[PDB]
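Residue numbers (the authors' numbering), protein chains in the order written: chain D, 141 to 209; chain Y, 12 to 195; chain B, 93 to 433; chain C, 308 to 357. In this text, a Cβ means the ideal position worked out from N, Cα and C, and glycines have one as well.
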Amino acid sequence: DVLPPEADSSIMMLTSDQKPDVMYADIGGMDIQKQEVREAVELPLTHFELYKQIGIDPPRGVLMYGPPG
Amino acid sequence: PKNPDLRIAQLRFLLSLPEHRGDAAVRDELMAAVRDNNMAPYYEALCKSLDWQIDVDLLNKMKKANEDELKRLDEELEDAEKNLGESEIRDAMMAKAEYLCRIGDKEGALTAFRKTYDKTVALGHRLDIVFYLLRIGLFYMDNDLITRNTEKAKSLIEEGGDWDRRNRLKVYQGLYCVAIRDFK
Amino acid sequence: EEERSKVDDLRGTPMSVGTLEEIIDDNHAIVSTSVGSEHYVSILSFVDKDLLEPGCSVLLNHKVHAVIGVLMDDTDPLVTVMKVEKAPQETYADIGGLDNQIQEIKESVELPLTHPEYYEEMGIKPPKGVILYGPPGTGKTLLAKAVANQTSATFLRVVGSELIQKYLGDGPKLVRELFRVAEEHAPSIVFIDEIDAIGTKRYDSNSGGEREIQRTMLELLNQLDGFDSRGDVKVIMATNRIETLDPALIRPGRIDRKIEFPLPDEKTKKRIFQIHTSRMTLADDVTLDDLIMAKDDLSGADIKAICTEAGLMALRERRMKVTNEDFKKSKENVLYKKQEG
Amino acid sequence: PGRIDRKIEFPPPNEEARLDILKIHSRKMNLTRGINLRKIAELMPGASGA
Ligand SMILES: Nc1ncnc2c1ncn2[C@@H]1O[C@H](COP(=O)(O)OP(=O)(O)OP(=O)(O)O)[C@@H](O)[C@H]1O
Numbered sequence: 141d142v143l144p145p146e147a148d149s150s151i152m153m154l155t156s157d158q159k160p161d162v163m164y165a166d167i168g169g170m171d172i173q174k175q176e177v178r179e180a181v182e183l184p185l186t187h188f189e190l191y192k193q194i195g196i197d198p199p200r201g202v203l204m205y206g207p208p209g
Numbered sequence: 012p013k014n015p016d017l018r019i020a021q022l023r024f025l026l027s028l029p030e031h032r033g034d035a036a037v038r039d040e041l042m043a044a045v046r047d048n049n050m051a052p053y054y055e056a057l058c059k060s061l062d063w064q065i066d067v068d069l070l071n072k073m074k075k076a077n078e079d080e081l082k083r084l085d086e087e088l089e090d091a092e093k094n095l096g097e098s099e100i101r102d103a104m105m106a107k108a109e110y111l112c113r114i115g116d117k118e119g120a121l122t123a124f125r126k127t128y129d130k131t132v133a134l135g136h137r138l139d140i141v142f143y144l145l146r147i148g149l150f151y152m153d154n155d156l157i158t159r160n161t162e163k164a165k166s167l168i169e170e171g172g173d174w175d176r177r178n179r180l181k182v183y184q185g186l187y188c189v190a191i192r193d194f195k
Numbered sequence: 093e094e095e096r097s098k099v100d101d102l103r104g105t106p107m108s109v110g111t112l113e114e115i116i117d118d119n120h121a122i123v124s125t126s127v128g129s130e131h132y133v134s135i136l137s138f139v140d141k142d143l144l145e146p147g148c149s150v151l152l153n154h155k156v157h158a159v160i161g162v163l164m165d166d167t168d169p170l171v172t173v174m175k176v177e178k179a180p181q182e183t184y185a186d187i188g189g190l191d192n193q194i195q196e197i198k199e200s201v202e203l204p205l206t207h208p209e210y211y212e213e214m215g216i217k218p219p220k221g222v223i224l225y226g227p228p229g230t231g232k233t234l235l236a237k238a239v240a241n242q243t244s245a246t247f248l249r250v251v252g253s254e255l256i257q258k259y260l261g262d263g264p265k266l267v268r269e270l271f272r273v274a275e276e277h278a279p280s281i282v283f284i285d286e287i288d289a290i291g292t293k294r295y296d297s298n299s300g301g302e303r304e305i306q307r308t309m310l311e312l313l314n315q316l317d318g319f320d321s322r323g324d325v326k327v328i329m330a331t332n333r334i335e336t337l338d339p340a341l342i343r344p345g346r347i348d349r350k351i352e353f354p355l356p357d358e359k360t361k362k363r364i365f366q367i368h369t370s371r372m373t374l375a376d377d378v379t380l381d382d383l384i385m386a387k388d389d390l391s392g393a394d395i396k397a398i399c400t401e402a403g404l405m406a407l408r409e410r411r412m413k414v415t416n417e418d419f420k421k422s423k424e425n426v427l428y429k430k431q432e433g
Numbered sequence: 308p309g310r311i312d313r314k315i316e317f318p319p320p321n322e323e324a325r326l327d328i329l330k331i332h333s334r335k336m337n338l339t340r341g342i343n344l345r346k347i348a349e350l351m352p353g354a355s356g357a
């Protein structure tokens, strides 16, 4: 018989329920990075069909660089 | 390259049912018959409409000039097929071949369609072929072959995604749903 | 007979393929197989123990790690690069103007091996190879002498310093194996063209350095000098610029013969056009005098490319015969190519 | 040394080359037909194909 799923193995999942540290009210400086990330993360995650309507394939690729800061 | 023939379907339906219209409905039809050299489409209407008098040499020199225009492309392919390429020959013949069957009946079209379906590696010309099946499906009010290629085109289209041809198909299924009775 | 039905029961059915580590005069051989395992094997059969030598692949019978038979398996990375073949249709008779240049190298490559009777009785024996070069970008015209050589004996071509210095070395060992494999295929010809080892600017990938590059080249000289190998594996060197290579390389080889490639004259260029256009069909109005007069310092492949582009342009009209107006208009394309930048 | 290879130039994007290719990439995204492809391409000189 196979794995349920999913009972792992390793990592594991969860552990993030008692976290995270602070909300997003902290960093307000960027505002041009958040407009990219928010649209590249929470919008495709909330509505999968809205992209198929307009005929644009939402990517999953998010790359960040520049530190410091 | 469709509406000149589509309005002919309009005028054939305009002539068929009412027997009271003997003037403006035949005049525009002959106006479109003297042009594009529609040959087979007017025989079925010649049995219902008047037999004249004379057509004969007027449309015989036009169908012989259409056969000279037909045989000049048929004489261009074997000089073209001596050289070789990708689609540059077989696609050169099919468009004018479906226009040459636009002159008459379903024959040259139905052979050209299954001919070009094995040529094109993209859906661009495929769905164009489908549109030819739909326009002829309206002329001969034959709903048999238009329900098939449409089902096959929707799968190649949505693999996949489109704008112009997608919204086109949205109207096509509306024309079929209004041909039969589907209101919703 | 009965031995075939006997020894097979000892090795089979399963068996492993290991490597030989070292041999002991007690007929116990130490074998190494995946991964990191040792043993004492003593077998008196199928050996061939003297020809094996450590560093070769041997079988391992499960019980117990015994070697029934010897396996020499190639394959191998380097053995793949020597063949095959070509045996090209081109000959040394398809080139002209270098008759005075070619006479000595053709003689030097056919000096040994074929026509040995006047060589062996004279007791000369200069088996150090030959060295080629020329301007501006030729050396392929000297390769047009290697095609005739490919028609005879065995040939191998190793060109470019990238094959060593692209990564860290281990230096020459890649060349060191070429020597010995060519010794197993002796007689064979090894040709090297365009040696940039000292002429390169930027190394490939991440490797260093300018002076380590030199040391792998120097070990190539001692390999080539050499102490002590009499085998051939005849070696031929060629490049564009001989001034880059160090004079340290000339005494071991080639001390007897090196050739220089001169620029072709009017008579030679006429011959060249003759040889290429032999197979081609040209219009009656094409003359060979004005063509070579208008051209200044061009090799065979230049007059080749202008004909190739003339036939390519003639394919647009689907004509097998190239007219002189089409030929000149096509010629102006390569003429404008070299003159654009 | 001019020997041997085939010479083919890679052209920069052109206006008339921008029109058709614009439609091509516009084939996958739902839009109305009130869009003027003539004026939109002239506003983008140079740049690149990508
Ligand atoms: N006299 C001649 N007769 C016939 N062919 C000739 C003659 N001289 C030169 N050629 C041809 O012209 C060609 C010249 O080659 P070329 O020098 O262009 O090569 P290359 O591209 O420079 O090689 P590399 O880049 O390795 O230096 C040769 O292949 C040779 O066959």
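Query: Give every residue of the same chain whose Cβ lies closer than 7 Å to the Cβ of residue 107 of chain Y, excluding the five residues on either side of it in the sequence, and list them in chain order.; Result: 84
Query: Check for me: the alpha helix (DSSP H) holding residue 385 of chain B runs from which residue to which?; Result: 380-386
Query: Going residue by residue through the stretch 102-138 of chain B, where are the continuous beta strand (DSSP E) segments of at least 3 residues, counting only ones entirely within it?; Result: 107-115, 121-124
Query: Grab me the residues of residue 401 of chain B's own chain with a C-beta within less than 7 Å of its C-beta, minus the 5 sequence neighbours each way, in chain order.; Result: 422, 425, 426
Query: Taking only three categories from DSSP, how would you classify residue 196 of chain Y?; Result: Chain Y is shown only over 12 to 195; residue 196 of chain Y falls outside these bounds and no answer can be derived.
Query: When the Cα atoms are used, what is the spatial distance from residue 156 of chain D to residue 167 of chain Y?; Result: 43 Å
Query: Could you tell me the distance, in whole angstroms, from the CA atom of residue 241 of chain B to the CA atom of residue 176 of chain B?; Result: 14 Å
Query: Name the chain Y residues whose beta carbon is nearer than 8 Å to that of residue 337 of chain C?; Result: 174, 177, 178
Query: What residues in the stretch 190-202 of chain D have a beta carbon less than 9 Å from any beta carbon of chain C?; Result: 193, 194, 195, 196, 197
Query: Just to confirm, does residue 307 of chain B get its C-beta within under 6 Å of one of the non-hydrogen atoms of ligand 1?; Result: no
Query: Can you find the residues in the same chain that come closer than 6 Å, C-beta to C-beta, to residue 377 of chain B, ignoring five residues on each side of it along the sequence?; Result: 416
Query: Are three or more beta carbon pairs between the stretch 65-79 of chain Y and the stretch 91-104 of chain Y nearer than 8 Å?; Result: no
Query: Which residue from B:365, B:193, B:420, B:280 puts its Cα closest to that of residue 396 of chain B?; Result: B:365
Query: Going by other Cβ atoms of all chains shown within 10 Å of its Cβ, with 16 needed for buried, is residue 322 of chain B buried or exposed?; Result: exposed
Query: Output yes or no for whether 7 Å exceeds the beta carbon distance between residue 218 of chain B and residue 348 of chain B.; Result: yes
Query: Have a look at residue 221 of chain B and residue 135 of chain B and give me their C-alpha separation to the nearest angstrom.; Result: 45 Å
Query: Hey, is residue 221 of chain B's beta-carbon within less than 7 Å of any beta-carbon in chain C?; Result: no
Query: Do residue 167 of chain D and residue 337 of chain C have their CB atoms nearer than 7 Å?; Result: no
Query: Taking only the alpha-carbon atoms, compute the straight-line gap between residue 411 of chain B and residue 89 of chain Y and give it to the nearest angstrom.; Result: 17 Å
Query: Quick check: is any heavy atom of ligand 1 less than 6 Å from the C-beta of residue 230 of chain B?; Result: yes
Query: To the nearest whole angstrom, what separates the beta carbons of residue 281 of chain B and residue 246 of chain B, a pair I think is in contact under 8 Å?; Result: 7 Å
Query: Hey, quick one: how far does the beta strand (DSSP E) through residue 327 of chain B stretch, first residue to last?; Result: 326-331
Query: Below 7 Å CB to CB, which residues in the same chain sit around residue 392 of chain B once its five sequence neighbours on both sides are set aside?; Result: 233, 364
Query: Which residues share a DSSP beta bridge with residue 319 of chain B?; Result: DSSP output for residue 319 of chain B lists no bridge partner at all.
Query: If you draw a straight line from the alpha carbon of residue 192 of chain D to that of residue 333 of chain C, how long is it in whole angstroms?; Result: 15 Å
Query: May I ask you to check if the CB of residue 309 of chain C is nearer than 6 Å to at least one heavy atom of ligand 1?; Result: no
Query: Answer yes or no: do residue 267 of chain B and residue 312 of chain B have a C-beta to C-beta separation smaller than 7 Å?; Result: yes
Query: Nearest by alpha-carbon distance to residue 187 of chain B: which of B:215, B:265, B:256, B:370 is it?; Result: B:370
Query: Are the beta-carbon atoms belonging to residue 223 of chain B and residue 309 of chain B less than 7 Å from one another?; Result: no
Query: I'd like to know whether the C-beta of residue 289 of chain B is nearer than 7 Å to at least one C-beta of chain C.; Result: no
Query: What do you get for residue 270 of chain B, buried or exposed, if any count of 16 or more other CB atoms within 10 angstroms of its CB means buried?; Result: buried
Query: Just to confirm before moving on: does the CB-CB distance between residue 373 of chain B and residue 413 of chain B stay below 7 Å?; Result: yes
Query: I'd like to confirm something about residue 185 of chain B: is its beta-carbon nearer than 6 Å to some heavy atom of ligand 1, or not?; Result: no
Query: For the beta strand (DSSP E) that residue 285 of chain B lies in, which residues bound it at each end?; Result: 281-285
Query: Consult DSSP for residue 53 of chain Y and reduce its assignment to one of helix, strand or coil.; Result: helix
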